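Residue numbers (the working numbering), protein chains in the order written: chain E, 340 to 391; chain S, 880 to 1116; chain X, -7 to 516; chain Z, 684 to 880; chain R, 1364 to 1562; chain Y, 1364 to 1562; chain F, 20 to 118. Yeah, the Cβ is synthetic: ideal placement off N, Cα and C, and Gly gets one too.
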Amino acid sequence: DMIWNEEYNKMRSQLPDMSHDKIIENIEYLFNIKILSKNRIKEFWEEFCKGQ
Amino acid sequence: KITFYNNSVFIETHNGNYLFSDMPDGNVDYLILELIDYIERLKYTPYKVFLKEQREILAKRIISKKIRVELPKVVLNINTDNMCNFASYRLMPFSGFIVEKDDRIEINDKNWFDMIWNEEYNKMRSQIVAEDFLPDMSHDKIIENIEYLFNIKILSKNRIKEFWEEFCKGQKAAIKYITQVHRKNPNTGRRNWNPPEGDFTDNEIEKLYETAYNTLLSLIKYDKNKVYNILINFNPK
Amino acid sequence: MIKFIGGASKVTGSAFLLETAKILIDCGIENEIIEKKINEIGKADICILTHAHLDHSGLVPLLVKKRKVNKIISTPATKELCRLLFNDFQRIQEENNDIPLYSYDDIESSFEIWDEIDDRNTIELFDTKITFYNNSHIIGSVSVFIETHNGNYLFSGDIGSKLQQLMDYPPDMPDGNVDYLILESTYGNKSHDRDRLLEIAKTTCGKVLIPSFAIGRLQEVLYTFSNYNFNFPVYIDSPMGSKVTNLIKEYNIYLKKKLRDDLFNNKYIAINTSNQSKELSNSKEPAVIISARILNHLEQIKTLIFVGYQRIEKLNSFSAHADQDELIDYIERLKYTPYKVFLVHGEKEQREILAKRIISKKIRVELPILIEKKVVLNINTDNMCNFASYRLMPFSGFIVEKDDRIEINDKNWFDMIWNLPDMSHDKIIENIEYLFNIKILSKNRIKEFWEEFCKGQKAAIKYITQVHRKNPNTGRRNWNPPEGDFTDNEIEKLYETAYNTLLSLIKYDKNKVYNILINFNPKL
Amino acid sequence: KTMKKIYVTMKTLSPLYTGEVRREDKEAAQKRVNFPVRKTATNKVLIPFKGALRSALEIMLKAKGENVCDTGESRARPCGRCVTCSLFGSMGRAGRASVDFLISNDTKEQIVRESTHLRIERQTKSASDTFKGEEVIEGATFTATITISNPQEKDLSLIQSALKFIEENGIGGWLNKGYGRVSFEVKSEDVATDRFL
Amino acid sequence: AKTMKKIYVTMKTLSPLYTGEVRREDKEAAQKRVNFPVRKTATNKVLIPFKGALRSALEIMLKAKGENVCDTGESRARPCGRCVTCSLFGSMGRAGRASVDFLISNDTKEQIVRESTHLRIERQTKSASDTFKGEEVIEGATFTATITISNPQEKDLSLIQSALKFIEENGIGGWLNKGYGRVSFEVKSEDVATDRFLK
Amino acid sequence: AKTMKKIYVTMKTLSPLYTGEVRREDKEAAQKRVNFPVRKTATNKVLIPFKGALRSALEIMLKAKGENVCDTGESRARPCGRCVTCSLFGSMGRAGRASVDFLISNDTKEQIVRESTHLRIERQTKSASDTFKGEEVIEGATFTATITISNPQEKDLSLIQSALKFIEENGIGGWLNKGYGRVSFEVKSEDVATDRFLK
Amino acid sequence: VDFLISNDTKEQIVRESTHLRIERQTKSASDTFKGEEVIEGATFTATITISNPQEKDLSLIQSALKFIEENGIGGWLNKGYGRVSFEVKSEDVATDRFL
RNA sequence: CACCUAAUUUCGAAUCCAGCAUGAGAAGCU
Ligand SMILES: [Zn+2]
Ligand SMILES: [Zn+2]
Ligand SMILES: [Zn+2]
Ligand SMILES: [Zn+2]
Ligand SMILES: [Zn+2]
C-alpha cells in the first residue's frame, strides 16, 4: 500500500479504542438482536479488505 | 507477383502491396525507402512508409507531406481512460501488473491484485485450524446406534469418512465438526444431517439426531484403535 | 468489414454497417425492399445517427420494431429533431392513408434506447472508440470517428457549406490518424446571393411568400432576415417551422461561437393555428411569409422566391449540400490522408467527376489491406514471479497512445522525453453545500446535471441555462426554491450563485466533478 | 388437493394513476409527460395488486384486535404466524394467495389519456405550477386472478373484505385527490390441482 | 386507528359551473366545437377537483386566523408536516388523512352540460369584438363526494365544514371572478369502524 | 432408444418476468445499480431455470391426483426412482430421460431487460417506507427452450404439456406471488431419430 | 482425442453461482449450494489426431459433435447445462512434417 | 377566437441459506 501510493502519486506528476472482550460481546449482542447480520459482517469484511 | 524496377521489389500479396525501393503503375500500399519527387510521381499515395538521425528530420518532412511514417504473445489492456497530452504525446500515468498466460499477456491494475490477494488470504486462512494433530456409553450400544443410523441413512459413509478425518486431526477438531453438524439453525430450523428414511414425525427425528450427537460424542473419548475397528465395518475405506 | 446497404447506389438511402461488434450508421428511408434492407442489416449493436433528416434517419423505429438494435446513439439536437420528424412523418402517413412502417409505440420505444452524446466526446463501447464531430448540415450534424482495432473510420455525413449562417464554416476534424473515409457527392458536380434575398425582399415590399424545407433552410432564411434591418415583419407558417425554430433557440449552444437575449431576434411573429393563416392569406399589409400549409398563402399570392432544389425567383445560395471544393478542403484538412475514400451518396455523374478529381489528388477512391492496432510491451519481463499460479510483475510506467501503436513505455522513456466563470474548489464546495442545505441544488438536480455532464460540456451548459432561464411570461426559473425567511432579492442572488457555481463546475474535468458530487449525491 | 381461483374484474370509477416504475420508460417520457402511467411493453396498464390487498388486510386486521405483523414499517419482518403471513407470505414461507397484476383489457390508446394538472396560489388565485400526468379513464376494465394454493374457509372472505376496503379507499396513487376509486366483481371457484392432466 | 369518519357531501349549484377539461385528447377533440370544454369522465359525467379547493380554503382562513399554517400555493412549496392542513390534506412524508373524492355528477353530461357562448366587447363602439363558445353546467346539478378521514380528530369535521362554507361563498372551479361556481353543500357525517367489511 | 422426442417450447411473457441473478461476481457488479439483478448470460441474454419448474409442477399435480410420486423438494430429499416424474427428471441411480434446456430469450439484454422501482408503504401513514430497484423482463419477450426425451413413452408429451399449463397458471420464476412471471407457451414436438446425424 | 482446453482462465469464464432446492408446498428454499460454472460464449480448443485414417472417420466425428450439440457436454445436462456449438477445421497431414 | 404554464422533491435499502448422498473396480496383452 505504501509503495503503491508512493509511486502511483510520483508518476501522477504530469479511531475509537474499546476493549477486545467488549468488541466480541457487543458483536454477539447485536448479532442476537439482528442489528449486525451475516450480510453486514461479510460486506464490512469486504470493505475492510479494501482498506481502512 | 513480384515485379522489378531500377535499384525495386514490388511484392504483391493478398494483404497489401509492398514496394521495396522507375516506378510502378498500381497501388503501392507500403513503400520502403529528391525522393519526395519519387513519392510525388507515384500514383495512389502510400498508406505508411517504412524509413542516421537525418531520417527523423526526413520523417518530419514525411509528416508534413501528410504521409504516415514509421521509424524502426498478444498483449491486452484492462486499463482506464484518464488520458493527457504532454509534449505531443497522449499519455497515461498508470502503474500496474503484467500477467503472463500461455497465449495472452494482460496489463491489469492494482484492483485485480487486491482481488487475487483477498482470494489468497481466504485460501491460507482455511488451511491451519485450531490444534490439528465427553459423554459416555458402552461399546456395544455404540455399535447398535451406528448400525441403526446406518440403516436409516442418518450416519452415512461420507459422514463416517469426514468423522475419521476430523478424528485424526485430534479431539477438538472432531468436537468442532460434530457441534457444527448438529447445530440447529435458529433462522432456518435444519441441521447438517442426512434426514432419516421412513415414516417419521418431528419428535423422533429430533430424538434420533440427539442420539447421533451423543453417539458421535461418546465415540470421540475412545482411542483410535477402537474407533477404527468401529468404523471399518461401515466404511471399509 | 464495412457494408454499404443503403447509401451505395441512390442519394436518399443510407445504411452503413461496420462489423468490427456490429455498428450501424444512418439507417433511413429513401415496402418489401425496405424489409430486405433491414433483413440484410441484421442484429446491430449500436445504431448511429449523423443528422435528423429522414433521409438518414427514417428507418430507425422499424429497426426497433424488428428488435434489431440494442443501443441508439446520437447528439441531443438531432435526437429531438428526429422525434419531431418521426411524429410528422407519422401523421403524413396517416393523412395519406397508406399502410405505415411503424406505429407511435415504435416511436416511443425507439427513444428509450437512445443515448445522446455531444461532439468531441469519445465512448469506449464494444471495444470501439466512437467520437462525434460537427459538419454543419444542421444543428445536430455529426461526423462519426470510429476508432476500431482494425482501422480508423471516419463517416462524414452530409458536410455543410461555407454559405451557412448558423453553423461553423470549417467542419470539425478528428485530431488523430484517419484510415478510411466515407464521403458524399450530393453536389459533387454543381459548384458555388445572400444579399439578393434582402434586395428582392426590399424591392417587393404585395407581401412575398417564400417556401423552403421545414428543416434547415427556413432557419437560415430566418437568420438572413434577422441580422440586417428589415422594417416589414417576417412571419412563420407551417408549424414544423416554428417548432424547429424553437428547438434552434433552446439548443443554441450547438451552433456557432458568434451565436452563443435571443438568436433570431424578436423580429419574427409565428402563426400558430390555421385561422390566423387564413387571415394572413386574406391580409394586404406587406410582410414576408416563410412557409414550408403553403397553398393557403399561395392561392392569394398567385414573388414566390423559391429557395430549394425543385416574379418567380431562384436563389442557389442557401443549400447546405457540400460543394466539390469544400469536400476537397475537408480531405486536405486531415492530419494523414485516408487510405480509401468511399464515395457513397450521389448520382453517377457526380460520383465519376469526384472520383476523377480525387484520383487527380492521388488518393484511392472506391465506388460502392490490414491495419493491426498493436500493443507493444517494451518492458523487461524476464524478472517475473509466481504468487497465486499467476506470472505477475509489479509494473511502473506510462501507457503511451500514439497512432497504430499503444506502446507501454517505462520511466527511462519518460527520462529521455524530459530532455466561462472560474471559481475555486473551496468556493464551489461551500456554494454547493449551502445550496444543498437550502435545497436549491438537490439530489435530483445533481443526478440530472451529472447525466447532462456525462453527455458533454455544452449539453450541461444548455441544461443549466434552461434551469436558470427566467421566463418573461411567469418569472419562474425552474430552479428549486430555498427554505427560510429569504426575500426575493436574496433568492435571485442565490439562483445566480447556483448558476455561476454549476457553470464553474462545467469548466472542470469529468473526474473532479465526480469527486465533488458523491459528497452530495452518493449515486451520482 | 384443491386450489381457489378468484377472478376479479375491476371497473374504474374515477381517474386512476399508477406511476411508471421502469427507469428507461420514465426518463424517455419526461420530455412528453411528467407522470406516466404504469404500463406493459404490449401497451397495457399494470397495477400492483398484492400490496393493496396486503395493506388493506393489515389495516382492518390490526384494528380488529387480532395479532398481525405490520409490514408497512421500514425493513419490517413478517411474524410468520398471523393471517396475512399465511395468505400473502412471510419470511421463511411463501404466499398461498398468488395475486396477479391488474391487466387492462384495452390498450393505452383507448383507456389512457394525458391530463394537465395545476397548482394555484392562495392569495392571488393564479396557476403557479403546471404538470402533466397520464391517467386511466373511467370504466376501464382490468382483470386479475388470485390463486390460493392451500385454501381455507376464510381466505375468500378476507380477499373480498380487502377488495371492499380498496373500493372504499382507492387503488394506486394520488388516493387523497380522488384518483383510483374502483368497483370490483368477483367470480370465485374451487378447482382441483390435478385438473391439467 | 379503529374508527374513520365518512363525510358524504352533496353539491347543488345555484350559479353556473365551469371546470375545464384536463385531458389533451378530449380537449383536441372538443376544440373543433367548443373552445372551453367542461371536465368530463369517460362515462359522460362531470369531474370537479375537490381536494386543493378545500386545502386552499382552509389555508386562507387558518392563515387569517393566525395559526402557524403553511402555504402550498406557491411555486414548488413543500408542505411542512406540522400544521393541521398538513395533517388533513397531506405533507411530503405523511399523506393526507382526509382522502377527498372527486365530485361525481349524479346525472349524465347530456342532461346537465350545455354549450354556451361569450363575447369580448369593445367599450367605445359597443359591438362584440370576439365571440367564443364555452361549455358550462346548469343550475341545481347534484355532485356527490365522499371524504374519508382515517385518523379522525375532534376538529376535523368542523374544519371540513368551514372549508365547505368558504367554498360556497367564494366558488368552486373556474371563472369564479365573473360569477361561476357559487354552490350549496349538504353534509352527512358518520363514524364507522375500519373493520366494517370483515366477516 | 431408436427414437427421441424433441419438444421445442416458445414462451412469451404476459406479466413482467424476474428470475434472480445467480453469479456472485455478477451480483456484486450489479448491486451498485440494481438491488435485484435478473438472471443473464455472458452473451447478454436472459436465462431461466426450466427443469425445476416442470418437475415441481408434475410432482404437485401427480401428488394431488394420488399417484405414487416422490417429492424432491424437502430438505436433502432423494428420489426413489419408481415414480413417473422420477423417470422423466431423474433419480439417484438413473438420470432423467428428458434433458430440459434453459429458457433463453430470443432477444438480448438492453432490449427486453428493464430496471424498475419497487416500494414498501406504511399502512398508517401512506409513505414510501422503503424502496428498492429490481431488474425485470418485459411483457411480450420471447424465450426458446428444447426438451430432449431420450427414451420416449406415450405419456411424456402430455405430462410435459400439463406441466407447461401449470407454469402458465403459477408463473415460471421469481416473485410469483406479486404477479410476476405469468407466461404462455407454444409447443412444437416431433419424434426425431437418434441416428439422424449419422449421414 | 485431446482435452478441451479453454482459451481464457478462471477469472474470465468461471463464475460461482447459487443453486437451490425449493419445497413444493410452502414454496421456500429448503436447500442452497454454490457451484462454479463456465459462462456462455466461452471458447475451448481441442485437437483430434487420427492415425491410420479411413474415409468415414471425419463424418463419424462430426456426427458425434452435432450429437454433443444436441445433448450437451460435461455435467448437469438435464438442467440445461453444457449445450455447445462446434467448429471443425480438418486437414490431411503426413507424419513427416517434423522431419 | 386567443394567450401563459407544463415543472419540482425524498427513498432507491434489508435478511435467511449455501448443505448432503452414491460409487474407489476389473480386464487383457503380457
Ligand atoms: Zn441532413
Ligand atoms: Zn442528406
Ligand atoms: Zn404476520
Ligand atoms: Zn404545513
Ligand atoms: Zn420417486
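Taking C-beta atoms as the reference points, X/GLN316 and X/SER183 count as a pair closer than 9 Å.
Pairing R/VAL1550 with R/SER1378 gives a Cβ-Cβ distance that is not under 9 Å. For Z/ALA724, there is no enclosing alpha helix (DSSP H), as DSSP marks it with neither H nor E. Looking at the DSSP output, X/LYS332 bridges to X/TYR172, X/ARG356.
Looking at the backbone, the Cα of R/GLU1499 and that of R/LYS1541 are separated by about 13 Å. Interface annotation, R/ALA1458: in contact with chain Y, CB-CB separation under 9 Å. In the DSSP assignment, F/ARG34 falls within the beta strand (DSSP E) that extends over 33 to 41. Listed as beta-bridge partners of X/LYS366 by DSSP are X/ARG397. With a cut-off of 8 Å, the C-beta of Y/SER1419 is classified as distant from ligand 5, since no heavy atom of the ligand falls inside that distance.
Judged by DSSP in its simplified three-state form, X/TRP106 adopts strand. At a cut-off of 8 Å, the beta-carbon of F/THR45 does not count as near ligand 3: no heavy atom of the ligand is closer than that. Closer than 8 Å to some heavy atom of ligand 3: that describes the Cβ of Z/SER773.
In this structure Y/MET1424 is buried. Its beta-carbon is surrounded by 16 or more other beta-carbon atoms within 10 angstroms. For X/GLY50, DSSP assigns no beta-bridge partner whatsoever. Look at X/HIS43: its beta carbon is less than 8 Å from one of the heavy atoms in ligand 1. Beta bridge pairing from DSSP links Y/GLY1436 with no other residue.
Nearest Cα to R/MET1367 within the set R/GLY1544, R/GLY1536, R/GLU1517: R/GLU1517. As the crow flies, the alpha-carbon of R/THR1382 is around 5 Å from that of R/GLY1537. Legend: CB atoms of the region 1414 to 1425 of chain Y lying less than 8 Å from CB atoms of chain Z belong to residues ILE1423, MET1424, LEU1425. For a Cβ distance threshold of 8 Å, residue set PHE390, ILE391, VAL392, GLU393 of chain X lies close to S/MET971, ordered along the chain. One residue after another in chain order, those with a Cβ under 5 Å from a heavy atom of ligand 2 are X/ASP47, X/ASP150.
No heavy atom of ligand 1 is found nearer than 8 Å to the CB of X/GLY(-1). In the three-state reduction of the DSSP assignment, X/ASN144 falls in the strand class. When the Cα atoms are used, Z/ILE849 and Y/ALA1526 turn out to be separated by approximately 34 Å.
R/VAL1372 and R/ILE1535 do not touch by the CB rule: their CB atoms are close to 11 Å apart, not below 8 Å.
Around the beta carbon of E/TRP384, fewer than 16 other beta carbons sit within 10 angstroms, so the residue counts as exposed. Nearest in C-alpha terms to S/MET962, of all of X/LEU433, X/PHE390, X/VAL459, is X/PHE390. When DSSP states are grouped into helix, strand and coil, R/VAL1385 belongs to the coil group.
Short note on X/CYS39: C-beta not closer than 8 Å to any heavy atom of ligand 5.
Annotation for R/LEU1482: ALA1491, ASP1493, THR1494 place their beta carbon closer than 7 Å to its own, counting only its chain and skipping 5 residues before and after. Contact between Y/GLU1532 and Z/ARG705 is ruled out by a C-beta separation of about 26 Å, above the 8 Å threshold. A contact between stretches requires three or more CB pairs, one per stretch, nearer than 8 Å, and the region 1413 to 1421 of chain R fails this requirement with the region 776 to 789 of chain Z. Separation of R/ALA1508 and R/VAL1432 (C-alpha to C-alpha, rounded to the nearest whole angstrom) is 26 Å. Under the three-pair Cβ rule at 8 Å, the region 1065 to 1074 of chain S counts as touching the region 1030 to 1042 of chain S. Contact between the region 486 to 503 of chain X and the region 1459 to 1468 of chain R is not established, with fewer than three Cβ pairs separated by less than 8 Å. Within the DSSP secondary-structure output, S/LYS1020 pairs in no beta bridge.
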